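Okay, so here's just one chain, in structure tokens, the form deposited in one PDB entry.
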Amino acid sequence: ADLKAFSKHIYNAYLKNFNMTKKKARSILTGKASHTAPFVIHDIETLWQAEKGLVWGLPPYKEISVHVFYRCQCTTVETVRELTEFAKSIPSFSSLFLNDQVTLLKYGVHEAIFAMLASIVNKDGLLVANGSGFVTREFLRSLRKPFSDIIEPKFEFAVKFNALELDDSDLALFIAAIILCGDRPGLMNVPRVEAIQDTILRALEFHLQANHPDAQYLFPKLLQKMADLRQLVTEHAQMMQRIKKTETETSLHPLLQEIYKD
């Protein structure tokens, strides 16, 4: 009965802390938010114009693939910051000891990052710089290995995910469900976390039958997506290890070194 209130507070935490909603993202991608459109980045020259000021600091320069890799890090570290504030706005999360909070964010943020990335992605590319840019998938494909191999799987997941047609209120509960996961290694108060997760799942199962009355099997499809996200992030972490090993001139932000340390 109270699930509607617990879930409303999660929605508010979502709207207060995340830079862009799926709502705002889809209106830009479809040309319904402004009479100015995102600047399309599809090669070195458009990339250079975007950096020069059209659209928008980092470690010293090295090459274009690496440059784009540093822009991906900057966006992930920033999204880690929004996920930390989102999580702390969930009272039951803030009741956990600080070390359990860190353990859940450490192993959950990338799963949650890649779930939210679908919102800014279509089959042809994705938005950057708060919607001022659009970077083409074909450009990101043209990057040299291993940087194109770490990017392209996220588009595959994103286009299938977007076929579920979730709105921001669905996503807020789904993200909370990914972060409050009782399985993370070294978790201290596991029973307390599992109870929170279960509450969010029940809130989510209720929310879907109200918001998507005609979509059947959506809840078990979303549970499957959470299992798919765990595997996508396992493969992402393996690809990050190879970059650490073979791309020695490429630096990793220190906060990402901590997440990938284990």
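Here, rigid core means the biggest group of C-alpha atoms that superpose within 1.5 Å across both forms. The first residue of the sequence shown is number 1, and the count goes up from there.
Note: missing coordinates for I28 occur in none of the other compared entries bracketing this position, so the one-third threshold is not reached. For the cut-off of one third of the other compared entries, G57 qualifies: that many or more give it no coordinates while modelling its flanks. The segment from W56 to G57 is interrupted, since 4 to 9 residues of the deposited sequence in that interval carry no coordinates. 199-207 and 212-220 differ in mean CA B-factor, and the higher of the two is recorded for 212-220. 104-112 and 123-131 differ in mean CA B-factor, and the higher of the two is recorded for 123-131. Out of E78, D149, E156, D167, the entry records its largest CA B-factor for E156. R137: CA B factor in the middle third of modelled residues in this chain (values from the PDB entry). Among the modelled residues of its chain, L29 has a C-alpha B-factor that falls in the highest third, as given in the PDB entry.
Split the chain's modelled residues into thirds by C-alpha temperature factor. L96 is in the middle one. Annotation for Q49: CA B-factor lies in the highest third of the chain's modelled residues.
In the PDB entry, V40 places in the middle third of its chain by CA B-factor.
Keep in mind the form deposited in another entry is missing from the figure; the text below concerns it.
Only one candidate in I64, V40, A33, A195 has its Cα displaced by 2 Å or more between the shown form and the other one after core superposition: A33. Note on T36 and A118: their C-alpha atoms are nearer in the other entry, a change of at least 3 Å from this conformation. Between this form and the other one, the CA-CA gap for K22 and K32 widens by 3 Å or more, being larger in the other entry.
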